[PDB]
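Given as structure tokens, the chain that follows is alone and in the form deposited in one PDB entry.
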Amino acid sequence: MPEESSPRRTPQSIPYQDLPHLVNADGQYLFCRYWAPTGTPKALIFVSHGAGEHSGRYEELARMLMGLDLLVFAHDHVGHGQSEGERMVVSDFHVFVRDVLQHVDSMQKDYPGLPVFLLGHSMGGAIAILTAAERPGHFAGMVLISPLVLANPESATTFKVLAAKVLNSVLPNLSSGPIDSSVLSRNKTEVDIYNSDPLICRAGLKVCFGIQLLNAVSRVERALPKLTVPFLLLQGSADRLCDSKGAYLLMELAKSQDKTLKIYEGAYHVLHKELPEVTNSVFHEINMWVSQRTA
């Protein structure tokens, strides 16, 4: 008699049978999160995390959104957090967009006729833009927190040289240095929390993944004149990771009839985990923006 193989486990050795999950088109398990209100939801909202991090970092934002009677859902992107895949590796950047679309499609089957929003930070913002651009008119709105539109110029110039060298030869281990965690937020407690989280990949950026982030930037640029989805864009003026010039480019080139930019003067990258004055404003602005578009 044949036997069923050992249960599939997360990279942290937890069986997927014990966790909310989804199997993607490549047969990879993605770890899922849900925050549903007690009553009938007004809308659905997918939360799209950034490079190296995971969906668990959106607990507070998701509970605020759930408090607005929205059903919030997320997953860890392939190669991240509790999902399968070699850490910080992706065959093509579109895998992330395809998987967001599978999860949105699955949720819309369980909750038909509901409007669907996207919330994305940084790489997760680039994924949200490409997701909305793939399906014009399907999403009700997008909330972008320091989305990856234009990388820091000095950082991108150094990386593009490193990328062309990997593209010309066989160097599977080549990586750039790790992200300077101090540039993430002026809130030192949040920098320390980021450095303490075992689900975060704090290793150097592998050149192959960096090339996919370069592809994301190129694709976002091409997608902008196709964008018609309503959006709220939040950007720090002192962001060393996603250049503020990218947020002005998105406001200028998107075709969306409903677009709003809020600049946080002197703020760093992770606006939803910045100094309390910034973070409280970020939560309040998202709250007002989504409440106005779900009323």
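Residues that one form lacks are left out of the comparison. In case it trips you up, residue 1 is the first one in the sequence shown, and so on. The term rigid core refers to the most C-alpha atoms you can superpose between the two forms while keeping them within 1.5 Å.
Undergrad: Could you settle it for me: does 281-289 or 6-14 have the higher average Cα B factor in the PDB entry?
TA: Looking at the record's C-alpha B-factors, the answer is 6-14.
Undergrad: If you average the CA temperature factors over each stretch, which comes out higher, 162-170 or 84-92?
TA: On average, C-alpha B-factors are higher across 162-170.
Undergrad: Taking the Cα B-factors listed in the entry, which of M142, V220, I193, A203 comes out highest?
TA: Result of the comparison over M142, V220, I193, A203: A203.
Undergrad: Could you check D105, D76, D110, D99 and tell me which one carries the biggest Cα B-factor in the deposited entry?
TA: Max CA B-factor in the entry, restricted to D105, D76, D110, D99: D110.
Undergrad: Considering every modelled residue of the chain and its Cα B-factor in the PDB entry, is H121 in the lowest, middle or highest third?
TA: Its C-alpha B-factor belongs to the lowest third of this chain's values.
Undergrad: Lowest, middle or highest third: where is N187 by C-alpha B factor in its chain?
TA: Middle third, going by the recorded CA B-factors of the chain.
Undergrad: Quick check for you: using the entry's CA B-factors within this chain, is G50 in the lowest, middle or highest third?
TA: Lowest third, going by the recorded CA B-factors of the chain.
Undergrad: Could you place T131 in the lowest, middle or highest third of its chain by Cα temperature factor, using the values in the record?
TA: Middle third, going by the recorded CA B-factors of the chain.
Undergrad: Going by the entry, which third of its chain does the Cα temperature factor of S244 land in?
TA: Middle third - that is where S244 ends up once the chain's C-alpha B-factors are sorted.
Here the subject shifts to the form deposited in another entry, a form of this protein not shown in this document.
Undergrad: With the core superposed, find the residue in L114, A156, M107, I211 that moves its CA 2 Å or more between this form and the one not shown.
TA: Just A156.
Undergrad: Please identify, after superposing on the rigid core, every run of 3 or more consecutive residues whose C-alpha atoms all shift by 2 Å or more between this form and the one not shown, listing them in sequence order.
TA: Run found: 151-166, no others.
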